[PDB]
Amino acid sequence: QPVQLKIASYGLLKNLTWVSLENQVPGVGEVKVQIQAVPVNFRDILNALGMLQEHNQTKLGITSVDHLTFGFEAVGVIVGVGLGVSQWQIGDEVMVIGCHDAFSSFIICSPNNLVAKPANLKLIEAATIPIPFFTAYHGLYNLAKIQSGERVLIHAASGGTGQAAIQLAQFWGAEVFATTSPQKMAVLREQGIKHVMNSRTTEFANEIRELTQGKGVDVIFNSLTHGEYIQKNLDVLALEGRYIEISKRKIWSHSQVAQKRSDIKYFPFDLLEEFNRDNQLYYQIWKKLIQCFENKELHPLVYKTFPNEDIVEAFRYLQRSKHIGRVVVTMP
């Protein structure tokens, strides 16, 4: 039977429940997609604990917990195409990007939220691509315009977004500086990274200064904003350096960054907010990425799989944050 992931109250992961999902028909300009695998995102956990209640009320129409759905991306198969849509047909194997209800048996979404799956990949492999690689690409290339020979710092680089940025930075000839937790350090060293440091301490700043002779890095790809992490990031940022902030939680404003370092370009961005302004964004990024995956120059991320029945433990596993890469749920 068709189902949707819901929570009857905020604060505890235990109450994540698959509730009956009523059939929906794709109207004009709409596509119906049969969901086959869904990664758990960091923001999914935040919502489950009820930590974006204002954000969800202001920027979206979520007034109560009963209106909350889960899932920001997926892979699946087109089962219904509404009128007006010309680029899609039933049977097309697609990745979904930027929906809010991917943890459902079926979703109705725009054809602008869909890209073609690379045919040489498995469905489950392709599920590791959308948010990580589109966020990494937009931040590093679209905004920061990183070039070869440049040095880039990627924080918490064992996660989904950090792992994609690693692949992109190296393929673009940049020199990667990574930080991760101690028990993940070997794996990242073994991924092909010369400079692996601790994401859990602020002492990375001093280490970077020494490895670079005061220069620091031209680009930071950052998602850590607690304590004195932002100030420490500014210290390691070179003259004219570029600050990609993807946190979306308690970030510095443009003048606050200008107060400290006027030379640097500050790039705070929310990917789905960027699609809101330009509905072509996913299409363009993917056009610049699909050939790399086709020619096996870029690869799916490392992932662990959970069945849908164990959704709670899939969420808990991402919450404990001991993973490298992606956590992916298969659907029934």
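Position 1 is the first residue in the sequence shown; the rest follow in order.
The stretch with the higher mean CA B factor, choosing between 156-164 and 251-259, is 251-259. When the two stretches 109-117 and 193-201 are set side by side, the higher mean Cα temperature factor goes to 193-201. Comparing the C-alpha B-factors of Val40, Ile62, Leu301, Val33 in the entry, the top value falls on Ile62. Ranked against the other modelled residues of its chain, the C-alpha B-factor of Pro130 as given in the entry falls in the lowest third. The PDB entry assigns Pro307 a C-alpha temperature factor belonging to the middle third of its chain's modelled residues.
Residue-level temperature factors show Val3 in the middle third of its chain, judged at the C-alpha atom.
In the PDB entry, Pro268 places in the lowest third of its chain by CA B-factor. Among the modelled residues of its chain, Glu150 has a C-alpha B-factor that falls in the highest third, as given in the PDB entry.
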